[PDB]
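Only one chain comes next, encoded as structure tokens, the form described as "open conformation" in its entry title.
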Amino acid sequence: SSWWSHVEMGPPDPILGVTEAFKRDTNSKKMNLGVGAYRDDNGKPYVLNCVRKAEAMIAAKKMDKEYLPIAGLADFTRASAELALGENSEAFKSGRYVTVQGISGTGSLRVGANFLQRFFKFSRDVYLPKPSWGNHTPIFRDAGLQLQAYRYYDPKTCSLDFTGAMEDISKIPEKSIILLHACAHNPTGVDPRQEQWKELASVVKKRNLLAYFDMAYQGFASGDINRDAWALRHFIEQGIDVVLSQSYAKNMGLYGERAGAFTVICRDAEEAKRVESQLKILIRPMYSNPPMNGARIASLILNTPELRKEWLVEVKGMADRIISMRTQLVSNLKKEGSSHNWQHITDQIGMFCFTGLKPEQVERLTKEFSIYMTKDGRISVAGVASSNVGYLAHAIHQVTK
């Protein structure tokens, strides 16, 4: 029958648009700055060394393919909580958290969203920073929640609109939900500094808000696992019982294996068990039980001292290269004689950098230099390499002069 005749073609992804054009282009100087995953100095995908080793170990052990418990691989969940909270964290040692395996960060966000829709009786409003990762909208919207915003990004400075944020958060009706990026804000790269974080916590705590941390770049941002989880741990220390989403897509290069976890900070171990039971009832009818590969690999690395050690060197390598490219970019623009202030480029943290380029300049860059990026002036630092940072500096200048 003609059941779907009324179904219209959904809109095309602007992001896919840029990568399709990049692919068509024959100029060997082409650059893809819309890329969403890490790339090495050669512009190639990168499977960590400790990943290959973990993998090799699994093969050796001739493990079965049996179903994992609903909540996932217990060695993976425990290790996940420990990674996030810190070993000597009171939350962790008291076992007053509940961690469940989710389908990477996205799945983990969704599960958390479905959990709040069901049990967070106090409000349906989720406040996102302006701007946020595109997916954040439909995630919360599809789960049945209401969307709100708080100023975050400042276009004047390509930095934190600290005054704007504080004024916005200050007017948040008590017992509302606020989504915060732990580090390496997507898509701006603009993160609060320690001092800003401390004032943010104070008000979150004061207005008695439910803080929902999105931690998708732990270790990948600064190169330090402890530094990256700083804000999140600060909140929990100040008595803010958060909810959290962790992704291993970037820090482990696990992209397609989809490994992540959803965590709930509870009053105690008693309550944690109750929440856990409820999280299980929710997930069953979603997908029953999670993909085991990614978790097995992740658990082995975090759980195996020789592997974990290698993992930290490797993760650090990734982060150092991105910083390097940022550094080189600013220095090269000066070298080109750019009068403009490009500090933001080096103040910004992680994979994404909001250049401050305007839509017209982006166009010149694409049309004239074969540099592919979105019209918002957002560049993926992963697409920069030692071999082309110069070229990019050149082009940016040409179009900004």
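Shifts are known only where both forms have a C-alpha. Take the two forms, find the largest set of C-alpha atoms that superpose within 1.5 Å, and that set is the rigid core. One-based numbering along the sequence shown.
In this crystal structure, the stretch out of 131-139 and 256-264 whose C-alpha atoms carry the higher mean B factor is 131-139. Remark: stretch with higher mean C-alpha B factor among 247-255 and 225-233 is 225-233.
Among 55, 360, 66, 40, the highest C-alpha B-factor in the deposited entry belongs to 360.
Across 346, 27, 355, 374, the greatest Cα temperature factor reported in the deposited entry is at 355. Per the deposited record, the Cα B-factor of residue 219 falls in the lowest third when ranked against the other modelled residues of its chain. Among the modelled residues of the chain, residue 70 sits in the lowest third by CA temperature factor in this PDB entry. In the PDB entry, residue 187 places in the highest third of its chain by CA B-factor. The deposited CA B-factor of residue 119 belongs to the middle third of values across its chain. The deposited CA B-factor of residue 86 belongs to the highest third of values across its chain.
Below, we refer to the form described as "closed conformation" in its entry title, which is not included among the displayed structures.
When two forms of a protein are overlaid on their rigid core, residues whose CA moves 2 Å or more are considered shifted, and residue 369 is one of them between this form and the one not shown. Superposition of the core reveals a Cα shift of less than 2 Å for residue 186 between this form and the one not shown. Look at the core-aligned forms between this form and the one not shown and you find runs of 3 or more residues with C-alpha shifts of 2 angstroms or more at 12-36, 327-347, 356-377, 383-401.
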